[PDB]
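The chain below stands alone and is given in structure tokens; this is the form deposited in one PDB entry.
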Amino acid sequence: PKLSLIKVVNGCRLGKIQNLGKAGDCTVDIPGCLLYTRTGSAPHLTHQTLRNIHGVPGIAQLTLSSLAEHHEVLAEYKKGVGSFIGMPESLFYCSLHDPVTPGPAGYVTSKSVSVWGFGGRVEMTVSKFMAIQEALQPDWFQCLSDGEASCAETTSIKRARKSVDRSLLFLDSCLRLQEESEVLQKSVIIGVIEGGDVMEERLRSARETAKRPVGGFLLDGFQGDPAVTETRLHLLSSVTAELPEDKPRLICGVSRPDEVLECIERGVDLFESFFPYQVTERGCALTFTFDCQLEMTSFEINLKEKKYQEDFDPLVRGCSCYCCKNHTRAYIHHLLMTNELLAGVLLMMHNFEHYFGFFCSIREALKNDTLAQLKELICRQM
């Protein structure tokens, strides 16, 4: 992964990651987001509706928690997961857990980690994990790691120290297995920075993982309800200060626009796009503006509300997505009252398109050195 930075304005890395994919003819702009999927499909959207969206990222996120139970099927398929799900043209980064439905904690030992899918729990040793990545053949994949020291409950220093040692032991095991397979060497391993909420362990995880020949870094354990806390925001800064500038920085569980801008300032490049999915699932549409040249959040409207029963305007005036060019709020409101699946389809198209256009404004603002105005415009809308 040859990463090239255009500039670093106020700690924000503007650049592009070149020569990606099997043919090495793909690029990814940073900062950016990945296409969110579930069982290898964008939620509510087939490959046909997915083409109706402008600005779809070139790299899509897969989750082992949705694909691990299909290990035997993909092994017999042999041709890789991207071809199996009918998206051979896209890049794929396979993460360990789904950010919205991760499953319960307490199944991490120094011998195995468990993920959770529709069929149930899948227990993966390092052998089993690399055997599954061999069938998936993703472009990138998160290395098996221990991220359960970062939890809401009172966590211990010994537990934070364990997550660093356990993830490193996992990392070194996966690297030894990777070099023993022709297929697996085509994929890129992503180191995972752990350490819980203990500063010494966070910094030790960042330095020790950077010593490995990983192609990038996943910043794990910084999720926050309702958003990333000030304590973990400072932890994130200290970690990224220990990482090379020439490798991408990914983060999981951070998708809301306010905390995205907060983490870009800390030097984080790539984000998951599960926030527009969450907005869709509650029957809402993102309406927050990001133009800098002129359970539900304030960035959205709830179309189950009776005030849209006669509202014949689009979700967002001037939006170029399929829903806003062809349908009205009243139609979306009607589909939600009659529990029709077209509501989830039309809402997801807009919420993805609006979200992807938000990431265009971030890269545009970094070109013009105006992320301050953009951050204040996003935050003034809470």
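In this text, the rigid core denotes the largest set of C-alpha atoms whose superposition between the two forms falls within 1.5 Å. One rule holds for the numbers: they count along the sequence shown, beginning at 1.
In at least a third of the other compared PDB entries, does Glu300 have no coordinates?
-> It is not, since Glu300 is included in all of the other entries that model both flanking stretches.
When the other PDB entries of this protein are compared, is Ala227 left blank in at least a third of them?
-> In at least a third of the comparable entries (those modelling both sides of it), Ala227 has no coordinates.
Do the C-alpha atoms of 81-89 or of 285-293 have the higher average B factor in the entry?
-> It is 285-293.
91-99 versus 151-159 - greater average Cα B-factor per the deposited record | Of 91-99 and 151-159, the stretch with the higher C-alpha B-factor average is 151-159.
Relative to the other modelled residues of the same chain, rank the CA B-factor of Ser110 and answer lowest, middle or highest third.
-> Highest third.
B-factor third for the C-alpha atom of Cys321 within its chain = It belongs to the middle third of the chain when residues are ordered by C-alpha B-factor.
Compared with the other modelled residues in the chain, in which third is the CA B-factor of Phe312?
-> It falls in the top third of the chain.
By its CA B factor, does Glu305 count among the lowest, middle or highest third of the modelled residues in the chain?
-> CA B-factor rank for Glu305: highest third.
In terms of the chain's CA B-factor thirds, is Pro138 lowest, middle or highest?
-> Tercile = lowest for this residue's CA B-factor.
Heads up, the form deposited in another entry isn't pictured, but that's what we're talking about next.
Which of the listed residues (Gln278, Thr155, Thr240, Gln223) moves its Cα by 2 Å or more between this form and the one not shown when the core is kept in place?
-> Of all the options, the C-alpha that shifts by at least 2 Å belongs to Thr155.
Since the C-alpha distance between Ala152 and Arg166 changes by 3 Å or more in the other form, give its direction relative to the shown form: closer or farther.
-> Relative to the displayed form, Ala152 and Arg166 draw closer in the other form - a change of at least 3 Å between their C-alphas.
Might you say whether the CA atoms of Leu34 and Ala152 end up closer or farther apart in the other form than in this form? Their distance differs by 3 Å or more.
-> Relative to the displayed form, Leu34 and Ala152 move farther apart in the other form - a change of at least 3 Å between their C-alphas.
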